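Going down the list, the protein sequences come from chains C, P, B, S, L, X, G, E and A.
Read the first sequence against the working numbering and you will find it ends at 1471, with the numbers running on by one and no gaps.
Read the second sequence against the working numbering and you will find it ends at 105, with the numbers running on by one and no gaps.
Read the third sequence against the working numbering and you will find it ends at 51, with the numbers running on by one and no gaps.
Read the fourth sequence against the working numbering and you will find it ends at 139, with the numbers running on by one and no gaps.
Read the fifth sequence against the working numbering and you will find it ends at 121, with the numbers running on by one and no gaps.
Read the sixth sequence against the working numbering and you will find it ends at 183, with the numbers running on by one and no gaps.
Read the seventh sequence against the working numbering and you will find it ends at 295, with the numbers running on by one and no gaps.
Read the eighth sequence against the working numbering and you will find it ends at 476, with the numbers running on by one and no gaps.
Read the ninth sequence against the working numbering and you will find it ends at 50, with the numbers running on by one and no gaps.
Note that beta-carbon positions come from the ideal geometry of N, C-alpha and C, so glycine has one too.
Worksheet: one structure, shown below.
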Amino acid sequence: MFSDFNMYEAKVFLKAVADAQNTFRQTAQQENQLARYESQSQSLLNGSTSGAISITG
Amino acid sequence: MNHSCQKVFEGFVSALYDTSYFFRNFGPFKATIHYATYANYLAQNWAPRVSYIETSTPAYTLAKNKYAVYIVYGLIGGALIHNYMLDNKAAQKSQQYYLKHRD
Amino acid sequence: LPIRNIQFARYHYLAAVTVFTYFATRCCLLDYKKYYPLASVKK
Amino acid sequence: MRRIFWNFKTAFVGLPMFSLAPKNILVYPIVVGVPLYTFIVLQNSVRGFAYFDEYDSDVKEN
Amino acid sequence: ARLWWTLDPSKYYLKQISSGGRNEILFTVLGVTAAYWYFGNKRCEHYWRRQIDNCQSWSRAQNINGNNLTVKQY
Amino acid sequence: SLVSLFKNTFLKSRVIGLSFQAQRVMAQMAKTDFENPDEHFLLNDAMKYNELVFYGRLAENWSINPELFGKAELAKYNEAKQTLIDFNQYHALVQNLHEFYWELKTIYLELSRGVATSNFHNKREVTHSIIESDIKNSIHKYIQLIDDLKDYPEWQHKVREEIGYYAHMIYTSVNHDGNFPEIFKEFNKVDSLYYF
Amino acid sequence: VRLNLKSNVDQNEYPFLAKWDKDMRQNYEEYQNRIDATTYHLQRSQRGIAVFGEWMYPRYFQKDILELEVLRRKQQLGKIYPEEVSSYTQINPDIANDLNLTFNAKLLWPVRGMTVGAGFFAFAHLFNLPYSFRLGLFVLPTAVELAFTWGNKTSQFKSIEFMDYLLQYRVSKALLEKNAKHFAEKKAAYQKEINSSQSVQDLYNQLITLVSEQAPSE
Amino acid sequence: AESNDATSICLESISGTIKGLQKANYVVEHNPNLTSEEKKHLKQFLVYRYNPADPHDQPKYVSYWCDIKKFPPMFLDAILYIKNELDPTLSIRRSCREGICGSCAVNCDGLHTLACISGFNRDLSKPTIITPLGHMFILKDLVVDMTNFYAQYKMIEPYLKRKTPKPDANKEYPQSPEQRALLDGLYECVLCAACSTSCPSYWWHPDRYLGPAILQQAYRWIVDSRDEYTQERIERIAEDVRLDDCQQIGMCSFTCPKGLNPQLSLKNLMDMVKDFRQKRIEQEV
Amino acid sequence: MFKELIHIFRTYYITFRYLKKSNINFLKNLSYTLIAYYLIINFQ
Ligand SMILES: CCCCCCCCCCCCCCCCCC(=O)OC[C@H](COP(=O)([O-])OCC(O)COP(=O)([O-])OC[C@@H](COC(=O)CCCCCCCCCCCCCCCCC)OC(=O)CCCCCCCCCCCCCCCCC)OC(=O)CCCCCCCCCCCCCCCCC
Ligand SMILES: CCCCCCCCCCCCCCCCCC(=O)OC[C@H](COP(=O)([O-])OCC(O)COP(=O)([O-])OC[C@@H](COC(=O)CCCCCCCCCCCCCCCCC)OC(=O)CCCCCCCCCCCCCCCCC)OC(=O)CCCCCCCCCCCCCCCCC
Ligand SMILES: CCCCCCCCCCCCCCCCCC(=O)OC[C@H](COP(=O)([O-])OCC(O)COP(=O)([O-])OC[C@@H](COC(=O)CCCCCCCCCCCCCCCCC)OC(=O)CCCCCCCCCCCCCCCCC)OC(=O)CCCCCCCCCCCCCCCCC
Ligand SMILES: CCCCCCCCCCCCCCCCCC(=O)OC[C@H](COP(=O)([O-])OCC(O)COP(=O)([O-])OC[C@@H](COC(=O)CCCCCCCCCCCCCCCCC)OC(=O)CCCCCCCCCCCCCCCCC)OC(=O)CCCCCCCCCCCCCCCCC
Ligand SMILES: CCCCCCCCCCCCCCCCCC(=O)OC[C@H](COP(=O)([O-])OCC(O)COP(=O)([O-])OC[C@@H](COC(=O)CCCCCCCCCCCCCCCCC)OC(=O)CCCCCCCCCCCCCCCCC)OC(=O)CCCCCCCCCCCCCCCCC
Ligand SMILES: CCCCCCCCCCCCCCCCCC(=O)OC[C@H](COP(=O)([O-])OCC[N+](C)(C)C)OC(=O)CCCCCCCCCCCCCCCCC
Ligand SMILES: CCCCCCCCCCCCCCCCCC(=O)OC[C@H](COP(=O)(O)OCCN)OC(=O)CCCCCCCCCCCCCCCCC
Ligand code: SF4
Ligand code: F3S
Ligand code: FES
Ligand SMILES: [Ca+2]
């Protein structure tokens, strides 16, 4: 259809676009994962201190 | 060689010979070898073939033996082409199914 | 004396030899990693 | 003590072997492979020996 | 030297069976059936696939001992 | 008994059919030498050789059901079975002679590798005792075999022409000193004169 | 990309993250040259005609694709230290034996083959065989050992799996180091309240299951 | 009492091979007391000498300077002059003196040939080397062990066998001049073995492969019109590599001092064997 | 072809003379089986 040169141009550009979308995903996931870990740790601390649960072993 | 090593070597070769002879001539082992040899001969010297010596007058040769090659070629070519067509049909079906399911 | 489908046998043997040699040597499917230093670049 | 009798320069196994063997061993290799290898290598390069750079080679970190 | 190359079949393997030519159609039928089965399986596996990447595709890892895999920051 | 019918029909067909060929196969085996008695069958044409070798065991072992056999048919089957048993024994004899031939050829091959020109690494001037003893015992066994074949002039002649060839070559490979008179004592009687 | 060799990470505050970057940048140029050679070979082969090329491009050039993937992953990792290999030994006891057969780390001698050859040499010496036979019987087991050692592309798959594991581990470790100061106070508070060393994620999943089971819906 | 000697034998073999390569063509002067002036008038013969009977003897060239103006110009004449005048311990076979018996076949200066009917390079500068037939075991000096050659000759049954009785017993087996000339140039072989000792296939496989001479004799007995065991002889020579090992080098016809052409005979035998193999299938049907 | 390779090895190598025609035939059968397997498998 198109010369091989244009096909490889398209391949490179598509690789870059996929990498950009992965960059968006990585940024959002890292931020929310840090927030999640903080929230879960705080929840476990509050639970143990409040006497709601006992965490042993 | 040294006669002590000579004794050892003679004993070892005698043991090897006896072991081989026993394993080959033992009843069940002998039967297994005897049947497998003939099976191998059949496979090697009587495998399916398309070319063979024709020693019969045209009046004494079956039609199967004049069109076997063509039948074989028809079967193989038809199988290949039909598999190709089935691959194309499956490609189209999968594309349509996953397209209609989303995007 | 006559051999049924002798020409078919000759061509089948030739094809078998050709295919076996092709796959064993991979004559047609060379490697070009050795030429990369001696090649121009685009983009 | 192994005593060997041998005409180094005239016996069939000697300098005549050096003159004969190399030019006969390489007959089919040269005359077949060289054209065949050239055809196999060049048929890819109908347009050129160009490496379509899929990675940013011209881009250098600041 | 003597010329020996040739594409002709050898007479040692050119014999027929008593009842006619060698079992060519009978074996070709088996070959075609086996090829049909094999290629059908391959096609069915190949074409009906998709990659679904989401949280439910991930499970907790474990050692060969069955315990949960965790590596310290040593 | 359908299975019995098929078993007996298969046995009859194979055994009787091969019995008409046993003469030809045995003659061909006799015609060749003892180095590879089945050479013609492996290289040129397998004239129902492997079939005979396989079905001899079946003729010896597999049972028969006379009620499925006729009178003349049963007599013919017994004759064919006896012929196949004869072929079994003949093949065993030929195998024994062939293996003895290969024993002698092994001795000769060791000597030849000893005197080979390429043998720059294992050149020995004087024959060692082990091979001398092997030669002596092999020649003793060969002489005993020749004696045991006194009632079969053709077999005796073939055994000489085939096996004694390598005995003669061994004779030629070594000098006539040391223990040579004792080693080839039996060979010097008649066989040595034959190979001149 | 022609990345510089001098890492821009602070070694005083993120030591491991600096070392990883330094090794990656050090080996990046060489691994990039190898990757470029492989990709050039792949595309030039794909440009072929009929059997010499396209007709069988994707399916028969498998070793090249495997090499390309291995090179890419190794380039991202940069360098591998024995501590991580021993760490992954949990799931693959033969990780070192597989990671040696994939990468040009150290020269491999067929020691088992040479030992078998020496045993055969002792046998021949006992039985007084010619020296040619024992030299051949020394070469043969060595040849068998070499044949069974080299190649072995399955080890490359196992190396790929290990390198994926190692990359994930290194990323998580870098995240640990980056936020270590932020979590110092919370960590100090947490160690004094929970006597368990089990991870927070596992404990929280267990707690969620406990709530989903016992807690009254109300 | 004896012990394993693989190591000592191996080291001795390697060292001896190296030294022999360094000291190949060892030469001992028969009469060292010769002024170099005298040697200008005398030609040099390097004669191979070896006496395996004597345990202290080893192979060696011996140099004899002889006046070629004292005996006729043939290799055998020079050898016998050396034997009678210089050293009568030299050993060689000789019966006919006119190239008929074929006993004197030797390696006359690089070519296998009968020594009685072969001249030698008259030039006084280039030395002449006389050695026994190459690949034959050496018994003493120029005498080799041709026993295997005769043993192979016996295996072809070289005697007229006929399956049809003579009609009257007072006549001779009829044979026209054409069926006789078919043998011309084929029955003159003197069994000298000079050709067969020059056939590489005979060098490699002396026993399994019959020599060019013996196969030529088999061809002579096959093409002969009076014998009736044509197919039987063809089949007998068709076993294993008794004939198939021939590679049509053609040295056999080049060396034959009698002018015979064993190469052509072997070629015809190969053609007849091929036809026999084909028509064993084509005819019986 | 195979026949020719075996013939060359027999005629040039003294050690190879040890093998019978039967062992040569067994090697022939194994080689044919391996060649058939190679041809079939490469296309799978
Ligand atoms: C314990 C037992 C003992 C063990 C011992 C150790 C060794 C193992 C032994 C085992 C026994 C079997 C060994 C294999 C067979 C060996 C045969 C041999 O050596 O013969 C030499 C011998 C050599 O003779 P030769 O004189 O040199 O001549 C050879 C020439 O090639 C002359 O050849 P030819 O000319 O006669 O041709 C042959 C013929 C042979 O082919 C056939 O007839 C056969 C067909 C295939 C049948 C397949 C059946 C398979 C069934 C399998 C079922 C399942 C099994 C599952 C088992 C599980 C376990 C129980 O070829 C063809 O038919 C050619 C077809 C070409 C088709 C072309 C298509 C054209 C398409 C286009 C159409 C037109 C379009 C026009 C468009 C126009 C547009 C303009 O060969 C022959 O003569 C026979 C022919 C070759 C047959 C090869 C068969 C190979 C089979 C390998 C099987 C491996 C299986 C492994 C399974 C593993 C499971 C774990
Ligand atoms: C398929 C899946 C399952 C496979 C299972 C295989 C099981 C094998 C077990 C073997 C056990 C030992 C057998 C000892 C012999 C006993 C039988 C006997 O003596 O012969 C009786 C009978 C007649 O023998 P005969 O009277 O001496 O005739 C020869 C004489 O020269 C007299 O000749 P004549 O001129 O008088 O004519 C008589 C004619 C009479 O012959 C016939 O009548 C037979 C004609 C064919 C069959 C006709 C019936 C078809 C329908 C059968 C339906 C069965 C339903 C079963 C249902 C079961 C339900 C539970 O004989 C022949 O023509 C012999 C044909 C030989 C064919 C050999 C095929 C070799 C190639 C095989 C692989 C091909 C792969 C190709 C792939 C290529 C891809 C490109 O011959 C046979 O039974 C033939 C059997 C041939 C195959 C056996 C070996 C197969 C090995 C396959 C390879 C597997 C490798 C796996 C790796 C290795 C480790 C596992
Ligand atoms: C992982 C994959 C595995 C599969 C693929 C394998 C591929 C690689 C190849 C492998 C090759 C090696 C195989 C292993 C060696 C086996 C050696 C052996 O059998 O040892 C016995 C042998 C003892 O027998 P013997 O000493 O020869 O005989 C004297 C005895 O006193 C006994 O005297 P008797 O008279 O009391 O009993 C005789 C007979 C039992 O007698 C009977 O009850 C009758 C048996 C059948 C006779 C034949 C009737 C044929 C009728 C026509 C059929 C047409 C079918 C449709 C086609 C029509 C168009 C052609 O018993 C046997 O000897 C059985 C031997 C095996 C079958 C022989 C029959 C071959 C022809 C029929 C089958 C093939 C189809 C041919 C179709 C074409 C025919 C023209 O030695 C042992 O006892 C050794 C035991 C330890 C080793 C393992 C034993 C395994 C046993 C397997 C039994 C299988 C039975 C058949 C199953 C069929 C299923 C469909
Ligand atoms: C890197 C990947 C891995 C590579 C290694 C893979 C190895 C796989 C396993 C190999 C197994 C081989 C043994 C089994 C086969 C049958 C052997 C046999 O007949 O057993 C008894 C036979 C002994 O018979 P015998 O009765 O003792 O000998 C007296 C008979 O008259 C003798 O009568 P004959 O005619 O029977 O004897 C001839 C004999 C040959 O035996 C001999 O008679 C003499 C052997 C030594 C010859 C040395 C050269 C002599 C001077 C020639 C001129 C050289 C000039 C060089 C400088 C040029 C400067 C411009 O022929 C053979 O050995 C047949 C097979 C030969 C090829 C296969 C073996 C290749 C080994 C390659 C590596 C060797 C080690 C490394 C060497 C380099 C280290 C820096 O063979 C042995 O027991 C020895 C086996 C070979 C040992 C190695 C010797 C060196 C060979 C070098 C060949 C190079 C070829 C070029 C390509 C190389 C590519 C790697
Ligand atoms: C660190 C790296 C180190 C690497 C190196 C390491 C060392 C490697 C190994 C080195 C040693 C190898 C030794 C091989 C010896 C082969 C026999 C020989 O020398 O020939 C004498 C002998 C001479 O016979 P002759 O009667 O004196 O000939 C005079 C006649 O006048 C002639 O009669 P005519 O004039 O009537 O003939 C007409 C002519 C008709 O032909 C012509 O006139 C010209 C034909 C030109 C063909 C051009 C093909 C082009 C496409 C392919 C190119 C590939 C390479 C290049 C790729 C890139 C460039 C394009 O016929 C021929 O040319 C016959 C031969 C050629 C047939 C065509 C097919 C050949 C290939 C067969 C398949 C090979 C598969 C290999 C798998 C290996 C697996 C390990 O020839 C034969 O034996 C013929 C059959 C040979 C079959 C060989 C099959 C393969 C064997 C594989 C196993 C070998 C194991 C060896 C021991 C290993 C160690 C223990
Ligand atoms: C990785 C390892 C690689 C190593 C490479 C080694 C290469 C080896 C090449 C060997 C070539 C062939 C000869 C050896 C094998 C022979 C096998 C065979 O069948 O032969 C048996 C026959 C010998 O046996 P025969 O003649 O007795 O025949 C057998 C006869 N019966 C059966 C009766 C006993 O042929 C030979 O061995 C011939 C040997 C010829 C040797 C020639 C040596 C030439 C040396 C040239 C040196 C040049 C130096 C130049 C320096 C320049 C400096 C400026
Ligand atoms: C000192 C060192 C010593 C070293 C010693 C080493 C010894 C090694 C000896 C073994 C190796 C030998 C290798 C020879 C080269 C390979 C040649 C080859 O590939 O063919 C093998 C054989 C035919 O070749 P060959 O038998 O040699 O010649 C016959 C001439 N009429 O082919 C066969 O018979 C194989 C069976 C298949 C043949 C082809 C069948 C027809 C092809 C079409 C099949 C179609 C199948 C169905 C359809 C598929 C496609 C749609
Ligand atoms: S073949 Fe030639 S060289 Fe040999 S004996 Fe006869 S005539 Fe003499
Ligand atoms: S010299 Fe040698 S191999 Fe054949 S034709 Fe002449 S004999
Ligand atoms: S001396 Fe008479 S033929 Fe040689
Ligand atoms: Ca006649």
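query: At least one CB of chain B closer than 8 angstroms to the CB of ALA127 of chain S: is that the case?
result: Locating residue 127 of chain S in the fourth sequence gives position 50, where the first residue counts as 1. Chain B, which has a Cβ nearer than 8 angstroms to the Cβ of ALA127 of chain S, makes this yes.
query: In the structure shown, what three-state DSSP assignment does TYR239 of chain E receive?
result: Mapped onto the eighth sequence, residue 239 of chain E falls at position 48. Here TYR239 of chain E sits in strand by DSSP.
- request: Identify each residue in the region 24 to 35 of chain X for which the Cβ-Cβ distance to at least one residue of chain L is less than 8 angstroms, and report them in chain order.
  value: Considering only beta carbons, the part of the region 24 to 35 of chain X lying closer than 8 angstroms to chain L consists of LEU30, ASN31, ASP32 and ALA33, in chain order.
query: Terminal residues of the continuous alpha helix (DSSP H) containing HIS303 of chain E?
result: Against the eighth sequence, residue 303 of chain E aligns to sequence position 112. From DSSP, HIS303 of chain E is part of no alpha helix (DSSP H) but of the beta strand (DSSP E) over 303 to 305.
Residues from the region 71 to 101 of chain X in contact with chain A, defined by Cβ distance under 7 angstroms: Within the region 71 to 101 of chain X, the residues whose Cβ lies closer than 7 angstroms to any Cβ of chain A are, in chain order, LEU96, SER99 and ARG100.
query: How many angstroms separate the CA atom of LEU82 of chain G from the CA atom of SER122 of chain G?
result: Taking the first residue of the seventh sequence as 1, we reach residue 82 of chain G at position 5. Taking the first residue of the seventh sequence as 1, we reach residue 122 of chain G at position 45. Within the model, the alpha-carbon separation for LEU82 of chain G versus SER122 of chain G is close to 33 angstroms.
- request: Keeping to the same chain, check which residues put their C-beta closer than 7 angstroms to that of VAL146 of chain X; ignore five residues upstream and five downstream.
  value: Taking the sixth sequence and counting its residues from 1, one reaches residue 146 of chain X at position 159. Taking C-beta separations shorter than 7 angstroms and ignoring five residues to either side along the sequence, the partners of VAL146 of chain X in its chain run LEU84, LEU132, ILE133 and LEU136, following chain order.
message: To the nearest angstrom, how far is the alpha carbon of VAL464 of chain E from that of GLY87 of chain L?
response: Your numbering for residue 464 of chain E matches position 273 in the eighth sequence. Your numbering for residue 87 of chain L matches position 40 in the fifth sequence. Looking at the two C-alpha atoms, the distance is approximately 53 angstroms.
Check whether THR179 of chain G and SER232 of chain G have beta carbons under 8 angstroms apart: Against the seventh sequence, residue 179 of chain G aligns to sequence position 102. Against the seventh sequence, residue 232 of chain G aligns to sequence position 155. Yes, Cβ-Cβ distance for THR179 of chain G and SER232 of chain G is below 8 angstroms.
Selected residue, minimal CA-CA separation from residue 515 of chain E, among E:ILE405, E:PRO368 and E:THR322: Here chain E covers residues 192 to 476 and nothing more, so residue 515 of chain E does not appear.
task: Following the continuous alpha helix (DSSP H) through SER1455 of chain C, name the residue where it begins and the one where it ends.
output: By one-based count along the first sequence, residue 1455 of chain C stands at place 41. Where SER1455 of chain C is concerned, the enclosing alpha helix (DSSP H) starts and stops at 1418 to 1464.
query: What alpha helix (DSSP H) runs, 4 residues minimum, are completely inside the region 226 to 298 of chain E?
result: Runs found: 227 to 230 and 266 to 272.
- request: Rank X:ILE130, X:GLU119 and X:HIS155 by C-alpha distance to the C-alpha of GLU169 of chain X and give the top, closest one.
  value: Walking along the sixth sequence from the start, residue 169 of chain X turns up at place 182. Per the Cα distances, X:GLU119.
- request: Return yes when the C-beta of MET442 of chain E is under 7 angstroms from any heavy atom of ligand 9, and no when it is not.
  value: Here residue 442 of chain E corresponds to residue number 251 of the eighth sequence, with the count starting at 1. Checking the Cβ of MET442 of chain E against ligand 9 gives yes.
- request: Provide the residue span of the alpha helix (DSSP H) that contains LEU(-2) of chain X, from first to last.
  value: Translated into the one-based positions of the sixth sequence, residue -2 of chain X becomes position 11. Bounds of the alpha helix (DSSP H) holding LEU(-2) of chain X are -11 to 6.
Coil, strand or helix - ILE168 of chain G by DSSP: As a first step, residue 168 of chain G is located in the seventh sequence; it is residue number 91 there, counting from the start. Coil, per DSSP.
- prompt: How should residue 309 of chain G be labelled, buried or exposed, when 16 other C-beta atoms within 10 angstroms of its C-beta is the threshold for buried?
  reply: With chain G running from 78 to 295 in the structure shown, residue 309 of chain G is simply not present.
message: Just to make sure I have the definition right: I need the residues of chain P whose C-beta is within less than 7 angstroms of the C-beta of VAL476 of chain E. Which are they?
response: Within the eighth sequence, residue 476 of chain E is the residue found at index 285, counting from 1. In chain order: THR57.
task: Compute the minimum distance between the beta carbon of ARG18 of chain B and the heavy atoms of ligand 5, and state whether it is under 7 angstroms.
output: Working through the third sequence from its first residue, we reach residue 18 of chain B at position 10. For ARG18 of chain B, the shortest separation between its Cβ and any heavy atom of ligand 5 does not lie below 7 angstroms.
- request: Using beta-carbon positions only, say whether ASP241 of chain G and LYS156 of chain G come within less than 8 angstroms of one another.
  value: In the seventh sequence, residue 241 of chain G corresponds to position 164, counting from 1. In the seventh sequence, residue 156 of chain G corresponds to position 79, counting from 1. Against a cut-off of 8 angstroms, the Cβ pair of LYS156 of chain G and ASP241 of chain G comes out as no contact.
message: DSSP three-state label for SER48 of chain B, please.
response: Residue 48 of chain B sits at position 40 when you count from the first residue of the third sequence. Taken through DSSP and simplified to helix, strand or coil, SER48 of chain B comes out as strand.
- prompt: Among E:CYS299, E:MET337, E:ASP248 and E:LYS251, which residue has its Cα nearest to the Cα of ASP268 of chain E?
  reply: Taking the first residue of the eighth sequence as position 1, residue 268 of chain E is located at position 77. Nearest option by C-alpha distance: E:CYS299.
- prompt: So, using beta-carbon positions, are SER6 of chain X and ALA67 of chain X closer together than 8 angstroms?
  reply: Counted from its first residue, the sixth sequence places residue 6 of chain X at position 19. Counted from its first residue, the sixth sequence places residue 67 of chain X at position 80. Yes, these two residues count as a Cβ contact at 8 angstroms.
message: Is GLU38 of chain X close to ligand 2? I mean its beta-carbon at under 7 angstroms from any heavy atom of the ligand.
response: Translated into the one-based positions of the sixth sequence, residue 38 of chain X becomes position 51. At least one heavy atom of ligand 2 lies less than 7 angstroms from the C-beta of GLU38 of chain X.
message: Quick check on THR219 of chain G: buried or exposed, where buried means 16 or more other Cβ atoms within 10 Å of its Cβ?
response: Here residue 219 of chain G corresponds to residue number 142 of the seventh sequence, with the count starting at 1. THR219 of chain G comes out buried.
- request: With DSSP collapsed to three states, give me the class of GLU220 of chain E.
  value: As a working note, residue 220 of chain E is residue 29 in the eighth sequence. Three-state DSSP puts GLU220 of chain E in a strand.
- prompt: So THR319 of chain E is in the beta strand (DSSP E); what residue range does that whole segment cover?
  reply: To locate residue 319 of chain E, count along the eighth sequence from 1; it is residue 128. Run containing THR319 of chain E: 319 to 322, per the beta strand (DSSP E) assignment.
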